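Each remark here refers to the structure printed beneath this line.
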2 protein chains.
Amino acid sequence: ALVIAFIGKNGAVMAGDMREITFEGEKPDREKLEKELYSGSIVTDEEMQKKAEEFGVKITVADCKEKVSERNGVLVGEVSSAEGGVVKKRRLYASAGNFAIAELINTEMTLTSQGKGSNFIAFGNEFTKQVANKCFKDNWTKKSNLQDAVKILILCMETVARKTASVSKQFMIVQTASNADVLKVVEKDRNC
Amino acid sequence: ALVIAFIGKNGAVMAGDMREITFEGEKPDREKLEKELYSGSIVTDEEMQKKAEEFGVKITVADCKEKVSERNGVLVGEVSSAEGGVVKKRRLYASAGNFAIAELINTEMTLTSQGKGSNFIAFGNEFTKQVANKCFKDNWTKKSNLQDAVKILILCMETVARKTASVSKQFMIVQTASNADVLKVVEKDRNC
């Protein structure tokens with residue numbers, strides 16, 4: 001689906017949809033259907049289920065996976081793009097000026113990026129990630145601090161609330177005052 | 001593994017170990033090994049791994065699954081006794097005087113018990129559940145309110161901290177003042 005964060009001197013903003021989707025049926029079919037939703041081709045949920053009995057899939061939903069959490073002045077988000085055997089997670093930590101992104105298999109944690117400074121990020125299905133990328137330039141100028149960007153995230157969250165079905169229509173957003181050096185959280189998660 | 005709660009007029013106490021265990025290898029073997037740990041036959045973790053290369057299993061661990069949580073004056077605990085395809089959860093809600101236990105498959109939530117009044121409960125592997133049952137009578141008299149029982153849980157938590165390896169040596173305990181009518185939490189989880 002999608003979740004997004006922004007990092008700067010003032011603060012950090014992380015917004016995430018709460019939708020998780022369960023796929024049951026011919027696994028070759030599942031990757032045949034999965035294509036179409038990821039590619040972004042439908043939005044209405046009635047136009048979602050339509051196709052499903054065309055291909056053979058039963059698809060339980062609940063728009064309340066808590067895709068971001070606020071552990072201690074750092075905001076954590078995470079996409080469970082599971083696909084089959086077990087677990088395929090993919091998580092971020094952010095604060096004011098500090099930021100990193102990690103890829104999880106099951107228990108195992110693998111990093112992919114870090115550092116300090118200023119950034120805008122998202123994770124998703126290919127399409128959802130693209131639509132956030134549209135909107136962030138849309139409404140973003142360096143002539144903002146946090147405060148505008150916080151609204152930006154909502155429009156973008158609406159924008160793909162609007163134009164898609166892989167993303168829970170309810171969504172949750174959290175903020176930090178703190179330049180917490182997010183680096184530690186990852187080591188604690190690894191000992192865990 | 002194990003987690004335990006006590007319910008009375010004053011309050012509720014829920015204590016849970018944080019250990020989750022990952023099983024990799026010949027699935028027929030896994031149920032062959034799983035027997036022995038559940039039955040309770042080992043405690044030291046070096047005497048844990050020993051047997052594993054005897055049978056062919058790689059077993060990643062982390063003693064920090066958050067087996068209980070405090071959502072709003074009600075304490076929730078949950079054993080993920082997964083065994084294979086997907087998810088086999090099993091959860092409780094408790095407060096001061098009110099209590100219920102639900103069985104989860106994946107998304108789906110099934111109840112098994114409810115009501116109001118006074119109780120002592122646990123979930124686990126067969127052995128761990130038994131050892132808590134020992135200890136609760138050990139140190140329990142109706143001539144207690146909460147306050148003793150809160151310590152009881154620790155000894156029992158130590159007692160199977162002690163005498164077993166399926167249970168994380170670190171553990172977490174939470175308490176409520178409130179006779180919150182735990183009933184609505186199950187319905188909220190179902191809409192979710």
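Starting from 1 in every chain, residues are counted up; chains themselves are A, B, ... following the order of the structure tokens, and ligands are numbered from 1 as listed.
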Might you pull out every residue within 8 Å of range 29-35 of chain A, with only C-alpha atoms counted and same-chain residues fewer than 6 positions away left off, and present them as a ChimeraX atom specification?
/A:23,52,55-57
Can you write out the residues you just picked, keeping N, CA, C and O atoms, as a short mmCIF file (atom, residue, chain, number, x, y, z; two decimals), in the first residue's frame?
data_model
loop_
_atom_site.label_atom_id
_atom_site.label_comp_id
_atom_site.auth_asym_id
_atom_site.auth_seq_id
_atom_site.Cartn_x
_atom_site.Cartn_y
_atom_site.Cartn_z
N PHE A 23 -4.49 -12.93 1.02
CA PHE A 23 -4.71 -13.56 -0.31
C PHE A 23 -4.85 -15.08 -0.17
O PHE A 23 -3.90 -15.72 0.32
N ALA A 52 -11.93 -10.62 -8.59
CA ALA A 52 -11.45 -11.72 -7.75
C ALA A 52 -12.10 -13.05 -8.09
O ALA A 52 -11.42 -14.07 -8.20
N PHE A 55 -10.77 -14.52 -11.16
CA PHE A 55 -9.50 -15.25 -11.06
C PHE A 55 -9.43 -16.33 -9.98
O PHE A 55 -8.46 -17.10 -9.98
N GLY A 56 -10.42 -16.45 -9.09
CA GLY A 56 -10.32 -17.40 -7.98
C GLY A 56 -9.68 -17.06 -6.64
O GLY A 56 -8.93 -17.89 -6.11
N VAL A 57 -9.90 -15.86 -6.11
CA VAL A 57 -9.22 -15.41 -4.89
C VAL A 57 -10.23 -14.93 -3.83
O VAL A 57 -11.15 -14.17 -4.15
#
Each residue of chain A with at least one atom at most 12 Å from chain B should appear once, together with its nearest atom pair and the corresponding distance in Å (one decimal); atoms considered: only C-alpha atoms; ordering: chain, then increasing residue number; output as CSV.
residue,atom,partner,partner_atom,distance
A:18,CA,B:192,CA,10.0
A:19,CA,B:192,CA,9.8
A:20,CA,B:107,CA,9.9
A:21,CA,B:107,CA,9.7
A:22,CA,B:107,CA,8.2
A:23,CA,B:107,CA,11.4
A:24,CA,B:86,CA,11.3
A:59,CA,B:107,CA,10.8
A:60,CA,B:107,CA,7.6
A:61,CA,B:107,CA,8.2
A:62,CA,B:192,CA,4.9
A:63,CA,B:192,CA,6.5
A:64,CA,B:192,CA,5.8
A:65,CA,B:192,CA,8.3
A:66,CA,B:192,CA,10.8
A:82,CA,B:86,CA,11.5
A:84,CA,B:86,CA,10.0
A:85,CA,B:86,CA,9.2
A:86,CA,B:86,CA,7.8
A:87,CA,B:86,CA,10.3
A:106,CA,B:22,CA,9.0
A:107,CA,B:60,CA,7.6
A:108,CA,B:60,CA,9.0
A:168,CA,B:192,CA,11.4
A:170,CA,B:192,CA,11.4
A:188,CA,B:64,CA,10.4
A:189,CA,B:64,CA,9.2
A:190,CA,B:62,CA,8.9
A:191,CA,B:62,CA,7.3
A:192,CA,B:62,CA,4.9
Can you list, as number ranges by chain, all residues belonging to range 7-192 of chain B that DSSP tags as helix (DSSP H, G or I)?
B: 27-39, 45-55, 126-139, 146-162, 183-190
Excluding range 171-181 of chain A and any residue of its chain fewer than 6 positions from it, enumerate the residues within 8 Å of it, using only C-alpha atoms, and give them as a compact mmCIF listing (two decimals) with C-alpha atoms, in the first residue's frame.
# COMPACT_ATOMS: atom_id res chain seq x y z
CA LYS A 9 15.60 20.21 11.54
CA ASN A 10 12.23 21.04 13.16
CA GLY A 11 10.65 17.63 13.41
CA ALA A 12 9.52 14.51 11.61
CA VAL A 13 6.14 13.52 10.19
CA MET A 14 5.25 9.92 9.37
CA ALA A 15 1.85 9.00 7.88
CA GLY A 16 0.74 5.45 7.08
CA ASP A 17 -2.41 3.74 5.78
CA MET A 18 -3.73 0.90 7.99
CA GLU A 66 -0.86 -0.03 12.62
CA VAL A 68 3.40 3.41 11.87
CA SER A 69 4.24 3.53 15.55
CA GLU A 70 5.82 6.13 17.81
CA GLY A 73 10.52 10.40 19.55
CA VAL A 74 11.18 8.27 16.50
CA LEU A 75 8.42 7.24 14.13
CA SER A 95 13.08 11.95 13.75
CA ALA A 96 14.00 15.60 13.30
CA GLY A 97 17.03 15.53 10.94
CA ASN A 98 17.81 11.74 11.25
CA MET A 157 -2.85 10.35 1.91
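For the pair CA of residue 142 in chain B and CA of residue 102 in chain B, the separation is 26.7 Å.
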Among range 8-89 of chain A, which ones does DSSP place in strand (DSSP E), written as a PyMOL selection string?
chain A and resi 12-17+19-21+61-63+68-71+74-78
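Closest approach to residue 154 in chain A among A:89, A:132, A:36, A:46 is made by A:132 (distances from only C-alpha atoms).
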Write out as a list in words the residues lying within 12 Å of residue 125 in chain B, counting only C-alpha atoms and excluding same-chain residues fewer than 2 positions away.
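Once the adjacent positions are removed, what remains is residues 1, 2, 3, 34, 35, 36, 37, 38, 39, 40, 41, 79, 80, 81, 82, 122, 123, 127, 128, 129, 130, 131, 132, 160, 164, 165, 166 and 167 of chain B.
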Let's have the selection written as a PDB file, in the first residue's frame, with N, CA and C atoms.
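For reference, selection.pdb as written:
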ATOM      1  N   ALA B   1       4.488 -21.305  25.159  1.00  0.00           N
ATOM      2  CA  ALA B   1       5.237 -20.700  26.284  1.00  0.00           C
ATOM      3  C   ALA B   1       4.278 -20.423  27.448  1.00  0.00           C
ATOM      4  N   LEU B   2       4.086 -19.175  27.894  1.00  0.00           N
ATOM      5  CA  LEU B   2       3.113 -18.891  28.945  1.00  0.00           C
ATOM      6  C   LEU B   2       2.829 -17.388  29.131  1.00  0.00           C
ATOM      7  N   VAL B   3       1.589 -17.113  29.514  1.00  0.00           N
ATOM      8  CA  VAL B   3       1.169 -15.805  30.009  1.00  0.00           C
ATOM      9  C   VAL B   3      -0.081 -16.062  30.851  1.00  0.00           C
ATOM     10  N   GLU B  34       9.113 -30.729  18.707  1.00  0.00           N
ATOM     11  CA  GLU B  34       8.179 -29.814  19.356  1.00  0.00           C
ATOM     12  C   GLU B  34       7.517 -30.492  20.525  1.00  0.00           C
ATOM     13  N   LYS B  35       7.129 -31.740  20.309  1.00  0.00           N
ATOM     14  CA  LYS B  35       6.788 -32.639  21.384  1.00  0.00           C
ATOM     15  C   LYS B  35       7.670 -32.393  22.592  1.00  0.00           C
ATOM     16  N   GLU B  36       8.955 -32.647  22.425  1.00  0.00           N
ATOM     17  CA  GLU B  36       9.807 -32.690  23.594  1.00  0.00           C
ATOM     18  C   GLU B  36       9.877 -31.358  24.316  1.00  0.00           C
ATOM     19  N   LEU B  37      10.039 -30.252  23.581  1.00  0.00           N
ATOM     20  CA  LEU B  37      10.035 -28.989  24.335  1.00  0.00           C
ATOM     21  C   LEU B  37       8.677 -28.729  25.023  1.00  0.00           C
ATOM     22  N   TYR B  38       7.552 -28.969  24.328  1.00  0.00           N
ATOM     23  CA  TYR B  38       6.244 -28.642  24.915  1.00  0.00           C
ATOM     24  C   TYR B  38       6.020 -29.466  26.158  1.00  0.00           C
ATOM     25  N   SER B  39       6.403 -30.720  26.075  1.00  0.00           N
ATOM     26  CA  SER B  39       6.225 -31.663  27.146  1.00  0.00           C
ATOM     27  C   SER B  39       7.029 -31.192  28.330  1.00  0.00           C
ATOM     28  N   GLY B  40       7.971 -30.278  28.082  1.00  0.00           N
ATOM     29  CA  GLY B  40       8.725 -29.599  29.123  1.00  0.00           C
ATOM     30  C   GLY B  40      10.118 -30.103  29.435  1.00  0.00           C
ATOM     31  N   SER B  41      10.638 -31.054  28.637  1.00  0.00           N
ATOM     32  CA  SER B  41      11.798 -31.876  29.005  1.00  0.00           C
ATOM     33  C   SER B  41      13.138 -31.120  29.146  1.00  0.00           C
ATOM     34  N   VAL B  79      -1.085 -15.994  22.484  1.00  0.00           N
ATOM     35  CA  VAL B  79      -0.077 -17.017  22.230  1.00  0.00           C
ATOM     36  C   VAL B  79      -0.209 -17.439  20.783  1.00  0.00           C
ATOM     37  N   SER B  80       0.891 -17.323  20.068  1.00  0.00           N
ATOM     38  CA  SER B  80       0.902 -17.530  18.635  1.00  0.00           C
ATOM     39  C   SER B  80       1.340 -18.956  18.296  1.00  0.00           C
ATOM     40  N   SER B  81       0.513 -19.950  18.646  1.00  0.00           N
ATOM     41  CA  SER B  81       1.051 -21.328  18.644  1.00  0.00           C
ATOM     42  C   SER B  81       1.008 -21.888  17.205  1.00  0.00           C
ATOM     43  N   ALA B  82       1.830 -21.258  16.332  1.00  0.00           N
ATOM     44  CA  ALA B  82       1.570 -21.178  14.878  1.00  0.00           C
ATOM     45  C   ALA B  82       1.530 -22.534  14.134  1.00  0.00           C
ATOM     46  N   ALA B 122      -4.069 -18.989  32.407  1.00  0.00           N
ATOM     47  CA  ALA B 122      -2.814 -18.987  31.666  1.00  0.00           C
ATOM     48  C   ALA B 122      -2.926 -19.745  30.359  1.00  0.00           C
ATOM     49  N   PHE B 123      -1.990 -19.417  29.479  1.00  0.00           N
ATOM     50  CA  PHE B 123      -1.846 -20.092  28.200  1.00  0.00           C
ATOM     51  C   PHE B 123      -0.401 -20.431  27.983  1.00  0.00           C
ATOM     52  N   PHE B 127       3.098 -28.081  29.398  1.00  0.00           N
ATOM     53  CA  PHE B 127       3.832 -28.088  30.654  1.00  0.00           C
ATOM     54  C   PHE B 127       3.798 -26.756  31.392  1.00  0.00           C
ATOM     55  N   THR B 128       4.025 -25.657  30.659  1.00  0.00           N
ATOM     56  CA  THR B 128       4.179 -24.327  31.251  1.00  0.00           C
ATOM     57  C   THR B 128       2.910 -23.923  31.956  1.00  0.00           C
ATOM     58  N   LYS B 129       1.792 -24.228  31.310  1.00  0.00           N
ATOM     59  CA  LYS B 129       0.471 -23.982  31.829  1.00  0.00           C
ATOM     60  C   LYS B 129       0.313 -24.764  33.113  1.00  0.00           C
ATOM     61  N   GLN B 130       0.789 -26.011  33.121  1.00  0.00           N
ATOM     62  CA  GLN B 130       0.683 -26.797  34.345  1.00  0.00           C
ATOM     63  C   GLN B 130       1.459 -26.146  35.519  1.00  0.00           C
ATOM     64  N   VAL B 131       2.679 -25.656  35.262  1.00  0.00           N
ATOM     65  CA  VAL B 131       3.588 -25.120  36.305  1.00  0.00           C
ATOM     66  C   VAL B 131       3.073 -23.820  36.920  1.00  0.00           C
ATOM     67  N   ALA B 132       2.481 -22.999  36.094  1.00  0.00           N
ATOM     68  CA  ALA B 132       1.761 -21.869  36.650  1.00  0.00           C
ATOM     69  C   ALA B 132       0.628 -22.367  37.550  1.00  0.00           C
ATOM     70  N   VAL B 160       8.769 -20.694  36.109  1.00  0.00           N
ATOM     71  CA  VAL B 160       8.961 -21.262  34.781  1.00  0.00           C
ATOM     72  C   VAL B 160      10.018 -20.488  33.977  1.00  0.00           C
ATOM     73  N   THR B 164      12.210 -23.743  32.747  1.00  0.00           N
ATOM     74  CA  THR B 164      12.011 -24.039  31.332  1.00  0.00           C
ATOM     75  C   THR B 164      12.681 -23.075  30.372  1.00  0.00           C
ATOM     76  N   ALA B 165      12.787 -23.586  29.125  1.00  0.00           N
ATOM     77  CA  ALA B 165      13.362 -22.937  27.953  1.00  0.00           C
ATOM     78  C   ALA B 165      12.404 -22.461  26.849  1.00  0.00           C
ATOM     79  N   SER B 166      11.086 -22.709  26.914  1.00  0.00           N
ATOM     80  CA  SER B 166      10.168 -22.236  25.859  1.00  0.00           C
ATOM     81  C   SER B 166       9.708 -20.806  26.121  1.00  0.00           C
ATOM     82  N   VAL B 167      10.132 -20.265  27.247  1.00  0.00           N
ATOM     83  CA  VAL B 167       9.623 -19.065  27.861  1.00  0.00           C
ATOM     84  C   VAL B 167      10.786 -18.090  27.942  1.00  0.00           C
TER      85      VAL B 167
END
